[PDB]
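Student: Hey, dropping my_file-v7.tsv in here, TSV, C-alpha atoms and all ligand atoms:
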```tsv
chain	number	residue	atom	x	y	z
F	3	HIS	CA	51.94	55.84	81.45
F	4	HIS	CA	52.30	58.73	83.96
F	5	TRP	CA	52.91	57.83	87.58
F	6	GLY	CA	50.31	57.91	90.27
F	7	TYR	CA	48.93	55.70	92.99
F	8	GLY	CA	46.71	53.33	91.02
F	9	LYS	CA	47.17	49.63	90.40
F	10	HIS	CA	48.73	50.27	87.02
F	11	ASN	CA	51.01	53.24	87.76
F	12	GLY	CA	51.53	52.98	91.54
F	13	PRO	CA	54.68	52.93	93.63
F	14	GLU	CA	55.65	49.42	92.58
F	15	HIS	CA	55.96	50.62	89.00
F	16	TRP	CA	57.93	53.84	89.59
F	17	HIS	CA	61.38	52.24	89.16
F	18	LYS	CA	60.76	51.73	85.41
F	19	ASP	CA	60.77	55.51	84.80
F	20	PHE	CA	62.80	56.50	87.94
F	21	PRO	CA	65.49	53.88	88.60
F	22	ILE	CA	66.56	55.77	91.74
F	23	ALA	CA	63.38	54.28	93.24
F	24	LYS	CA	65.55	51.27	94.23
F	25	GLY	CA	68.37	53.57	95.52
F	26	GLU	CA	70.24	53.41	98.84
F	27	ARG	CA	68.58	56.36	100.51
F	28	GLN	CA	64.89	56.15	99.63
F	29	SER	CA	62.03	57.33	101.80
F	30	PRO	CA	59.76	56.81	103.66
F	31	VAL	CA	61.03	54.20	106.16
F	32	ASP	CA	59.67	52.47	109.26
F	33	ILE	CA	61.12	54.12	112.43
F	34	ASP	CA	62.07	51.27	114.81
F	35	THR	CA	62.00	53.16	118.14
F	36	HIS	CA	64.21	50.67	119.91
F	37	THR	CA	67.00	50.81	117.26
F	38	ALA	CA	66.98	54.62	116.82
F	39	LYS	CA	70.10	56.07	118.46
F	40	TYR	CA	69.69	58.94	120.90
F	41	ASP	CA	72.28	61.54	119.77
F	42	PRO	CA	72.97	64.20	122.41
F	43	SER	CA	74.90	66.27	119.90
F	44	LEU	CA	71.71	67.05	117.95
F	45	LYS	CA	70.44	70.57	118.64
F	46	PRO	CA	66.82	71.59	119.15
F	47	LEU	CA	65.04	72.63	115.97
F	48	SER	CA	64.50	76.34	115.31
F	49	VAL	CA	61.24	77.01	113.42
F	50	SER	CA	60.77	80.72	112.54
F	51	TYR	CA	57.43	81.01	110.79
F	52	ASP	CA	56.21	84.34	112.17
F	53	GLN	CA	56.88	86.18	108.85
F	54	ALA	CA	55.49	83.34	106.67
F	55	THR	CA	53.67	84.53	103.51
F	56	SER	CA	51.32	81.96	101.99
F	57	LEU	CA	50.22	82.69	98.43
F	58	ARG	CA	48.20	79.92	96.87
F	59	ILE	CA	46.78	76.44	97.20
F	60	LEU	CA	46.94	74.09	94.21
F	61	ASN	CA	45.66	70.60	93.33
F	62	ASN	CA	48.62	69.15	91.28
F	63	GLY	CA	46.96	65.80	90.63
F	64	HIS	CA	48.78	63.93	93.41
F	65	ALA	CA	48.10	66.09	96.46
F	66	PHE	CA	47.31	69.72	97.24
F	67	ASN	CA	50.20	72.07	98.01
F	68	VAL	CA	49.96	75.33	99.97
F	69	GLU	CA	52.77	77.52	98.48
F	70	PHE	CA	54.76	80.26	100.21
F	71	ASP	CA	56.80	83.20	99.06
F	72	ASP	CA	60.42	81.91	99.32
F	73	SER	CA	62.13	84.94	97.67
F	74	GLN	CA	63.50	85.97	101.09
F	75	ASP	CA	64.19	84.46	104.52
F	76	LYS	CA	60.61	84.81	105.85
F	77	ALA	CA	59.75	81.26	107.06
F	78	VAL	CA	62.87	79.23	107.87
F	79	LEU	CA	64.02	76.11	109.56
F	80	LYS	CA	67.49	75.78	111.09
F	81	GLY	CA	69.14	73.90	113.96
F	82	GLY	CA	68.43	70.23	114.59
F	83	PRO	CA	70.77	68.23	112.35
F	84	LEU	CA	70.97	71.06	109.81
F	85	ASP	CA	73.80	73.31	108.78
F	86	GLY	CA	72.52	76.59	107.29
F	87	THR	CA	69.12	78.06	106.67
F	88	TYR	CA	66.32	76.29	104.91
F	89	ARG	CA	63.37	78.32	103.54
F	90	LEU	CA	59.82	76.95	103.49
F	91	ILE	CA	58.51	76.61	99.94
F	92	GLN	CA	55.31	74.54	100.35
F	93	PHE	CA	53.49	72.03	102.54
F	94	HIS	CA	51.24	69.13	101.46
F	95	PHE	CA	49.71	66.00	103.00
F	96	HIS	CA	49.55	62.27	102.26
F	97	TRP	CA	46.36	60.50	103.41
F	98	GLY	CA	44.39	57.32	103.24
F	99	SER	CA	41.01	56.00	102.20
F	100	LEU	CA	40.52	54.77	105.82
F	101	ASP	CA	41.68	56.07	109.19
F	102	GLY	CA	44.10	53.15	109.66
F	103	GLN	CA	46.40	54.14	106.83
F	104	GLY	CA	47.66	57.24	105.10
F	105	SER	CA	51.08	58.17	106.57
F	106	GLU	CA	54.26	57.40	104.63
F	107	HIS	CA	56.60	57.00	107.62
F	108	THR	CA	55.48	54.44	110.22
F	109	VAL	CA	56.56	54.15	113.89
F	110	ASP	CA	57.18	50.55	114.99
F	111	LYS	CA	55.03	49.63	111.96
F	112	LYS	CA	52.16	51.84	113.17
F	113	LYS	CA	50.49	53.79	110.35
F	114	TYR	CA	48.75	57.17	111.03
F	115	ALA	CA	45.72	58.66	109.19
F	116	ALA	CA	47.84	61.18	107.32
F	117	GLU	CA	51.25	62.85	107.19
F	118	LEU	CA	52.03	66.52	106.75
F	119	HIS	CA	55.24	67.47	104.90
F	120	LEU	CA	56.68	70.99	105.31
F	121	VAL	CA	59.24	71.30	102.50
F	122	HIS	CA	62.30	73.56	102.87
F	123	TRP	CA	65.35	74.22	100.64
F	124	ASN	CA	68.94	75.12	101.54
F	125	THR	CA	69.55	78.78	100.74
F	127	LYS	CA	73.20	78.15	99.91
F	128	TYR	CA	71.88	76.71	96.61
F	129	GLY	CA	70.03	79.86	95.46
F	130	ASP	CA	66.86	78.17	94.25
F	131	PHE	CA	64.78	75.06	94.77
F	132	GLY	CA	65.73	73.49	91.45
F	133	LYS	CA	69.43	73.61	92.32
F	134	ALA	CA	68.76	72.43	95.91
F	135	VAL	CA	67.21	69.09	94.80
F	136	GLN	CA	70.42	68.11	93.01
F	137	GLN	CA	72.43	68.20	96.32
F	138	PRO	CA	72.64	65.62	99.14
F	139	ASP	CA	71.79	68.31	101.73
F	140	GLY	CA	69.49	70.41	99.51
F	141	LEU	CA	66.18	69.91	101.29
F	142	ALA	CA	64.88	69.56	104.82
F	143	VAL	CA	61.37	68.08	105.19
F	144	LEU	CA	59.51	68.27	108.54
F	145	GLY	CA	57.09	65.29	108.73
F	146	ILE	CA	54.17	65.51	111.21
F	147	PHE	CA	51.74	62.62	111.72
F	148	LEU	CA	47.98	63.18	111.99
F	149	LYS	CA	45.77	60.94	114.13
F	150	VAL	CA	41.92	61.20	114.14
F	151	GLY	CA	40.51	62.58	117.38
F	152	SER	CA	39.79	66.25	118.16
F	153	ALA	CA	39.61	68.85	115.37
F	154	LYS	CA	42.64	71.01	114.75
F	155	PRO	CA	41.45	74.63	114.59
F	156	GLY	CA	44.45	75.82	112.54
F	157	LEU	CA	43.68	73.32	109.77
F	158	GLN	CA	40.09	74.52	109.16
F	159	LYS	CA	41.03	77.31	106.75
F	160	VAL	CA	42.71	74.66	104.59
F	161	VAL	CA	39.72	72.31	104.79
F	162	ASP	CA	37.30	75.03	103.78
F	163	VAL	CA	39.01	75.90	100.48
F	164	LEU	CA	39.29	72.32	99.15
F	165	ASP	CA	35.95	72.52	97.31
F	166	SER	CA	37.47	75.22	95.13
F	167	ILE	CA	40.45	73.12	93.97
F	168	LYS	CA	38.65	69.82	93.63
F	169	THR	CA	40.32	68.70	90.41
F	170	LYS	CA	43.85	68.65	89.03
F	171	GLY	CA	45.26	71.97	87.83
F	172	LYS	CA	42.86	74.06	89.93
F	173	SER	CA	44.35	76.73	92.19
F	174	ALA	CA	43.08	79.38	94.58
F	175	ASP	CA	44.54	82.46	96.26
F	176	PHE	CA	45.42	81.42	99.81
F	177	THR	CA	47.00	84.34	101.68
F	178	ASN	CA	47.61	84.99	105.33
F	179	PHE	CA	47.66	81.31	106.42
F	180	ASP	CA	49.98	80.76	109.44
F	181	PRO	CA	51.65	77.34	109.44
F	182	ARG	CA	52.33	77.62	113.17
F	183	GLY	CA	48.77	76.36	113.75
F	184	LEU	CA	49.88	72.95	112.38
F	185	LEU	CA	52.72	72.20	114.85
F	186	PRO	CA	52.45	69.80	117.81
F	187	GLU	CA	53.41	71.13	121.27
F	188	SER	CA	56.76	69.28	121.31
F	189	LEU	CA	59.55	69.48	118.73
F	190	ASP	CA	61.23	66.18	119.68
F	191	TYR	CA	62.20	64.35	116.50
F	192	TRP	CA	63.86	61.54	114.66
F	193	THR	CA	66.17	62.30	111.68
F	194	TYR	CA	67.72	60.29	108.83
F	195	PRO	CA	69.01	61.02	105.33
F	196	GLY	CA	66.45	60.15	102.64
F	197	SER	CA	64.62	61.25	99.51
F	198	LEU	CA	61.50	62.87	98.04
F	199	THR	CA	58.64	60.34	98.32
F	200	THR	CA	57.23	61.08	94.85
F	201	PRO	CA	59.03	61.05	91.49
F	202	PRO	CA	61.68	62.18	90.79
F	203	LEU	CA	62.54	60.54	94.15
F	204	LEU	CA	65.85	62.45	94.41
F	205	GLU	CA	68.01	61.61	97.41
F	206	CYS	CA	68.42	65.18	98.62
F	207	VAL	CA	66.42	65.22	101.85
F	208	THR	CA	67.30	65.42	105.50
F	209	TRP	CA	64.07	64.14	107.06
F	210	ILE	CA	62.98	65.53	110.44
F	211	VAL	CA	60.01	63.49	111.69
F	212	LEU	CA	58.26	64.80	114.81
F	213	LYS	CA	57.51	62.30	117.53
F	214	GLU	CA	54.26	63.92	118.59
F	215	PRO	CA	51.29	63.62	116.22
F	216	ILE	CA	48.65	66.34	115.85
F	217	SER	CA	44.94	65.42	116.06
F	218	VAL	CA	42.40	66.20	113.32
F	219	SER	CA	38.70	65.36	113.39
F	220	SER	CA	37.11	62.66	111.28
F	221	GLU	CA	35.20	65.43	109.44
F	222	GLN	CA	38.39	67.29	108.57
F	223	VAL	CA	40.06	64.18	107.05
F	224	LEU	CA	36.79	63.34	105.26
F	225	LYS	CA	37.11	66.60	103.32
F	226	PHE	CA	40.58	65.56	102.07
F	227	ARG	CA	39.08	62.38	100.63
F	228	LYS	CA	36.66	64.42	98.46
F	229	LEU	CA	39.43	65.75	96.22
F	230	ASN	CA	40.10	64.26	92.81
F	231	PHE	CA	43.20	62.95	91.08
F	232	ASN	CA	41.62	63.73	87.67
F	233	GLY	CA	41.11	67.02	85.88
F	234	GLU	CA	37.70	68.65	85.38
F	235	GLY	CA	35.44	66.86	82.91
F	236	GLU	CA	37.40	63.59	83.30
F	237	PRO	CA	36.03	60.50	85.00
F	238	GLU	CA	36.16	60.95	88.77
F	239	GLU	CA	38.93	59.25	90.73
F	240	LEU	CA	38.98	60.24	94.45
F	241	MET	CA	42.36	61.45	95.75
F	242	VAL	CA	42.96	58.85	98.49
F	243	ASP	CA	45.88	56.62	99.41
F	244	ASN	CA	48.52	58.96	97.92
F	245	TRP	CA	51.28	57.45	100.11
F	246	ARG	CA	54.37	55.43	99.23
F	247	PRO	CA	55.02	52.36	101.42
F	248	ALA	CA	58.15	52.14	103.62
F	249	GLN	CA	61.46	51.40	101.83
F	250	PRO	CA	64.52	49.48	103.07
F	251	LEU	CA	66.73	51.36	105.53
F	252	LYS	CA	69.89	49.88	103.98
F	253	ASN	CA	73.07	51.43	105.37
F	254	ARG	CA	71.33	54.17	107.40
F	255	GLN	CA	70.87	55.00	111.07
F	256	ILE	CA	67.89	56.85	112.45
F	257	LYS	CA	68.94	59.30	115.21
F	258	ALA	CA	66.60	60.56	117.94
F	259	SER	CA	66.79	64.02	119.56
F	260	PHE	CA	65.32	62.57	122.78
F	261	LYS	CA	65.36	59.55	125.01
U	1	ZN	ZN	55.16	64.46	100.83
```
How would this structure read if it were set down as structure tokens?

Tutor:
Amino acid sequence: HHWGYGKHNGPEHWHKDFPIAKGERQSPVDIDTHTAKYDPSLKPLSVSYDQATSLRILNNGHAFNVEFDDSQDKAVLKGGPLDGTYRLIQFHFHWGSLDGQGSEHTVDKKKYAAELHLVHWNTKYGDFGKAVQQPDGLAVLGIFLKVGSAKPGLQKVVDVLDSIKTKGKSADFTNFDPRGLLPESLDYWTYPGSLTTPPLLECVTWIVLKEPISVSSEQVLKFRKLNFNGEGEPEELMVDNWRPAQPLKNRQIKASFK
């Protein structure tokens, strides 16, 4: 029926409704650190999030998205392997039922507790919907989360989850600064891939940061209290909303560092 992460509608079933699931540039992938090519021609990333305007947080049934005003160049990503300016539209996480799983990308087969995705679209395309139909339409920054010390800048997000517990619920979420979610270093790996949920379009330049951020056990616990279902429906905890690694096929992962 409709896709999700259960036994009956999980990733292994997606290809029946979205044949691109078995495409040549699907994500996530395992990053083999010893086969990644250092590319000295890659520039440092440029993250300009000082004018970011968050608007709302929403439970869409598969994750929770924090949405930003993208009507102007207020929070942009440029540099790195990118040509042009990419505007931040939303961020969301992928997480597990246990601390040993949850990320979508893996590093030398190592899984992290969760993975943050900052989604950006190429302004040359005018809007998000046009951007996803182009091979260079989106840029996603992926940040791994490990359990350890609490991340102060994540607490405002954690605290509002009770108010969007079920699918379709939303809450005003203004003045949130996404700079509190970045690691200290911007060293990254990059490869051409796709969205990791249906429609799985192959329109993403992935930028995966090498350095994970730490979150406390209590913070990740609060993620696991959300629901996949809508209000008044049988409760299904929102956990394990990650797609397993896909074949690299004809692709090369490049590193910005050595
Ligand atoms: Zn994602």

Student: Counting all atoms listed in the file, what are the residues of segment 78-137 of chain F within 12 Å of segment 158-172 of chain F, and for each of them which pair of atoms is the nearest and at what distance in Å, to one decimal? Sort the table by chain and rising number, as CSV.

Tutor:
```
residue,atom,partner,partner_atom,distance
F:93,CA,F:160,CA,11.3
F:94,CA,F:160,CA,10.6
F:95,CA,F:160,CA,11.2
```

Student: Considering only C-alpha atoms, return as a VMD selection string whatever protein or nucleic-acid residues lie within 7 Å of residue 241 of chain F, sequence-local ones (same chain, fewer than 6 positions apart) excluded.

Tutor: chain F and resid 227 to 231

Student: With only C-alpha atoms as the atoms that count, which of F:181, F:186, F:12, F:195 lies nearest to residue 70 of chain F?

Tutor: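 Using only C-alpha atoms, the shortest distance to residue 70 of chain F belongs to F:181.
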
Student: I'd like a table as JSON lines: residues in chain F with an atom no more than 8 Å from ligand ZN 1 (chain U), each row giving the shortest atom pair and its distance in Å to one decimal, only C-alpha atoms and all ligand atoms counted, sorted by chain and rising residue number.

Tutor:
```
{"residue": "F:93", "atom": "CA", "partner": "U:ZN1", "partner_atom": "ZN", "distance": 7.9}
{"residue": "F:94", "atom": "CA", "partner": "U:ZN1", "partner_atom": "ZN", "distance": 6.1}
{"residue": "F:95", "atom": "CA", "partner": "U:ZN1", "partner_atom": "ZN", "distance": 6.1}
{"residue": "F:96", "atom": "CA", "partner": "U:ZN1", "partner_atom": "ZN", "distance": 6.2}
{"residue": "F:117", "atom": "CA", "partner": "U:ZN1", "partner_atom": "ZN", "distance": 7.6}
{"residue": "F:118", "atom": "CA", "partner": "U:ZN1", "partner_atom": "ZN", "distance": 7.0}
{"residue": "F:119", "atom": "CA", "partner": "U:ZN1", "partner_atom": "ZN", "distance": 5.1}
{"residue": "F:198", "atom": "CA", "partner": "U:ZN1", "partner_atom": "ZN", "distance": 7.1}
{"residue": "F:199", "atom": "CA", "partner": "U:ZN1", "partner_atom": "ZN", "distance": 5.9}
{"residue": "F:200", "atom": "CA", "partner": "U:ZN1", "partner_atom": "ZN", "distance": 7.2}
```

Student: Set up a box along x, y and z of the file covering all listed atoms of segment 192-207 of chain F, add 5 Å on every one of the six sides, and write the centre and edge lengths in Å to one decimal, as JSON.

Tutor:
```
{"center_x": 63.1, "center_y": 62.7, "center_z": 102.7, "size_x": 21.8, "size_y": 15.1, "size_z": 33.9}
```

Student: So that I can check the surroundings of residue 91 of chain F, please list as a PyMOL selection string every protein, DNA and RNA residue that reaches within 12 Å of it, counting only C-alpha atoms and ignoring chain neighbours fewer than 5 positions away.

Tutor: chain F and resi 51+54-58+67-79+119-125+130-132+134+141-143+181

Student: For residue 85 of chain F, which residue out of F:127, F:24, F:213, F:18 is the nearest one, using only C-alpha atoms?

Tutor: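 Closest residue, counting only C-alpha atoms: F:127.
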
Student: Name the closest residue to residue 14 of chain F among the candidates F:37, F:249, F:259, F:62; distances are taken between atoms, counting only C-alpha atoms.

Tutor: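 With only C-alpha atoms as the atom set, the closest residue is F:249.
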
Student: Could you tell me how far atom CA of residue 108 of chain F lies from atom CA of residue 226 of chain F, in Å and to one decimal?

Tutor: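 About the pair atom CA of residue 108 of chain F and atom CA of residue 226 of chain F: they are 20.3 Å apart.
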
Student: Residues near residue 208 of chain F, anyone? I mean within 9 Å using all atoms listed in the file, not counting same-chain ones fewer than 6 positions away, as a PDB file with C-alpha atoms, keeping the file's coordinate frame.

Tutor:
```pdb
ATOM      1  CA  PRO F  83      70.770  68.230 112.350  1.00  0.00           C
ATOM      2  CA  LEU F  84      70.970  71.060 109.810  1.00  0.00           C
ATOM      3  CA  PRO F 138      72.640  65.620  99.140  1.00  0.00           C
ATOM      4  CA  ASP F 139      71.790  68.310 101.730  1.00  0.00           C
ATOM      5  CA  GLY F 140      69.490  70.410  99.510  1.00  0.00           C
ATOM      6  CA  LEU F 141      66.180  69.910 101.290  1.00  0.00           C
ATOM      7  CA  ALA F 142      64.880  69.560 104.820  1.00  0.00           C
ATOM      8  CA  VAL F 143      61.370  68.080 105.190  1.00  0.00           C
ATOM      9  CA  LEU F 144      59.510  68.270 108.540  1.00  0.00           C
ATOM     10  CA  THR F 193      66.170  62.300 111.680  1.00  0.00           C
ATOM     11  CA  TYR F 194      67.720  60.290 108.830  1.00  0.00           C
ATOM     12  CA  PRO F 195      69.010  61.020 105.330  1.00  0.00           C
ATOM     13  CA  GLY F 196      66.450  60.150 102.640  1.00  0.00           C
ATOM     14  CA  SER F 197      64.620  61.250  99.510  1.00  0.00           C
TER      15      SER F 197
END
```

Student: Work out how far apart atom CA of residue 33 of chain F and atom CA of residue 252 of chain F are and give it in Å to one decimal.

Tutor: 12.9 Å

Student: What separation in Å, quoted to one decimal, exists between atom CA of residue 187 of chain F and atom CA of residue 214 of chain F?

Tutor: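 Atom CA of residue 214 of chain F lies at a distance of 7.7 Å from atom CA of residue 187 of chain F.
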
Student: Could you check the closest approach to residue 49 of chain F for each of F:210, F:17, F:112, F:157 and tell me which residue wins, using only C-alpha atoms?

Tutor: F:210

Student: Write segment 232-248 of chain F as a tab-separated table (two decimals), in the frame of the given file, completed to N, CA, C and O atoms.

Tutor:
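Result file follows (selection03.tsv):
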```tsv
chain	number	residue	atom	x	y	z
F	232	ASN	N	41.90	63.28	89.07
F	232	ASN	CA	41.62	63.73	87.67
F	232	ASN	C	41.37	65.22	87.55
F	232	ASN	O	41.02	65.97	88.41
F	233	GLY	N	41.46	65.63	86.27
F	233	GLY	CA	41.11	67.02	85.88
F	233	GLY	C	39.59	67.11	85.64
F	233	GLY	O	38.86	66.12	85.54
F	234	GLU	N	39.12	68.34	85.60
F	234	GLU	CA	37.70	68.65	85.38
F	234	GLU	C	37.24	68.03	84.06
F	234	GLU	O	37.97	68.02	83.07
F	235	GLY	N	36.02	67.51	84.09
F	235	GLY	CA	35.44	66.86	82.91
F	235	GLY	C	36.05	65.51	82.60
F	235	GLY	O	35.87	64.96	81.46
F	236	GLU	N	36.81	64.94	83.53
F	236	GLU	CA	37.40	63.59	83.30
F	236	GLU	C	36.66	62.73	84.31
F	236	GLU	O	36.03	63.26	85.25
F	237	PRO	N	36.67	61.44	84.08
F	237	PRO	CA	36.03	60.50	85.00
F	237	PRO	C	36.64	60.70	86.41
F	237	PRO	O	37.86	60.81	86.57
F	238	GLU	N	35.79	60.73	87.38
F	238	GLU	CA	36.16	60.95	88.77
F	238	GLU	C	36.89	59.79	89.42
F	238	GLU	O	36.43	58.66	89.47
F	239	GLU	N	38.05	60.19	90.00
F	239	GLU	CA	38.93	59.25	90.73
F	239	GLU	C	39.27	59.98	92.06
F	239	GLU	O	39.90	61.03	91.96
F	240	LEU	N	38.76	59.51	93.19
F	240	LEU	CA	38.98	60.24	94.45
F	240	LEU	C	40.47	60.22	94.81
F	240	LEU	O	41.09	59.15	94.61
F	241	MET	N	40.90	61.35	95.33
F	241	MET	CA	42.36	61.45	95.75
F	241	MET	C	42.42	60.85	97.16
F	241	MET	O	42.15	61.56	98.12
F	242	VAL	N	42.80	59.61	97.21
F	242	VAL	CA	42.96	58.85	98.49
F	242	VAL	C	44.16	57.93	98.30
F	242	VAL	O	44.50	57.54	97.18
F	243	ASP	N	44.77	57.52	99.44
F	243	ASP	CA	45.88	56.62	99.41
F	243	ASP	C	47.06	57.14	98.57
F	243	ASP	O	47.63	56.37	97.80
F	244	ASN	N	47.40	58.40	98.74
F	244	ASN	CA	48.52	58.96	97.92
F	244	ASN	C	49.82	58.89	98.78
F	244	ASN	O	50.49	59.91	98.94
F	245	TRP	N	50.09	57.70	99.27
F	245	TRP	CA	51.28	57.45	100.11
F	245	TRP	C	52.09	56.32	99.54
F	245	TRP	O	51.61	55.35	98.94
F	246	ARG	N	53.43	56.48	99.70
F	246	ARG	CA	54.37	55.43	99.23
F	246	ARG	C	54.68	54.57	100.49
F	246	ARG	O	54.82	55.13	101.56
F	247	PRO	N	54.72	53.26	100.30
F	247	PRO	CA	55.02	52.36	101.42
F	247	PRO	C	56.51	52.54	101.85
F	247	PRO	O	57.36	53.01	101.08
F	248	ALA	N	56.78	52.05	103.06
F	248	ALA	CA	58.15	52.14	103.62
F	248	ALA	C	59.12	51.37	102.76
F	248	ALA	O	58.89	50.27	102.22
```
